[PDB]
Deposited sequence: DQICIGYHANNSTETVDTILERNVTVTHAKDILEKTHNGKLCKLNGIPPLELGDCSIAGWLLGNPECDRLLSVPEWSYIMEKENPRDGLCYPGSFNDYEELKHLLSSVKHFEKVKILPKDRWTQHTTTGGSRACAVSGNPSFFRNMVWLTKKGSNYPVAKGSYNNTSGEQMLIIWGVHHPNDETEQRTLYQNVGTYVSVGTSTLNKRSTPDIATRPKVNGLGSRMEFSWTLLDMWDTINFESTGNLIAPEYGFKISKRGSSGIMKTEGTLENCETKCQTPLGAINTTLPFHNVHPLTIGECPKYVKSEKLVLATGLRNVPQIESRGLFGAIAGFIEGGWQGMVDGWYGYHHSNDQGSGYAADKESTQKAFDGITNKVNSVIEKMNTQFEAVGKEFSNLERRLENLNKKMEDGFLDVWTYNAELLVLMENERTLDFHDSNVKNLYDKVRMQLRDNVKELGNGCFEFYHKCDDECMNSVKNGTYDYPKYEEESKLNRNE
């Protein structure tokens, strides 16, 4: 007596945004933005990071007496460093090309300390010099990785040292120069005035001269110490020559592991976890293509956008409004086996149903849409943090401009794409329902009476079999032609 065509409604309350309307309630929705972390600094690929504590990279490499817990350091995934470390250079001074050194350390996962110039080889000089700035238990001391050379008796002969890199990998060597505060200091320490420090390799040639002047007091001293570094290649020799003011190295750091890493600025401590993407606030465990947790990330991470919600409409519109009418008035609550379906009402009882073909096709289409949006984003290993000195403000501003531009582009594209796709899927569902209605109408032809709310009354008597035939798409119009014709007039 009746067969109606409609769609499915539920008790959901998820709202989605569209380029034409705002706050539209849908049956189902998928979130493609991640907003949750665990709030803990954790391991990366199972390898604990290098927790420097209150030390700095220079303090670790030079061997500050307050950083004695890092004399031997195992393999690491990344480096954790405070924004303002307290234990850096105990003796005041500088460190040439510090940022380049940090960037180099952002690509090595393990070192190996090798003794290259033993302290006992300097038989003609004093090697037991220290200062009150780097004091240990009230006694003056010095760095644990470098040697301070001083006159023995009243003579300072020319000091020579060499090292042939037979270790098996690239080696990093750090030396220093000393700038005293007065000519009295220079005479007391080296016995001669007008000295030089010469360092030379196969591709490096550097000569330095000490500067003697009165400077403001830092850590109680008016003197400074300038440190420089180099990368010694395999089977390559490095030569040291100096008449005074040479802070010679005793160890060299050879690169052993090599990989991808970075420096992260936090103020926390490592805990027991395991993650793939790490942020200064916490770790991220997701498969979504976007997130808004933090811009500075280390690892394989989703894209960062400046949005608050990015929801893709998967299901139909929720119009809870409902003999029983069809899809013109609204959705159906009693149909739970699919998306688009039927309701039949004859002399053998009423009931709902579902159309498997149309629902399956729509489901496949929506799944493919979501997959196309999600799996077309390329994810790699990147470290966003970068360090620039106070004389490189233009470079820092260029970096900041690039990051801001990329962020703006991705935010705009993501938001507009979500809005347009939501509009298209909301039109897709209505098109599907109307196509089903039109197919049923063209199959039924004049044998029925289109009421106008969404369904038809038959002009004949139809049992269950004819209802299934209409639902299955195998109506036999000529069989009921004569019977249905009589009742029309």
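Residues of the deposited sequence lacking C-alpha coordinates fall in the stretches 323-329, 497, numbered from 1.
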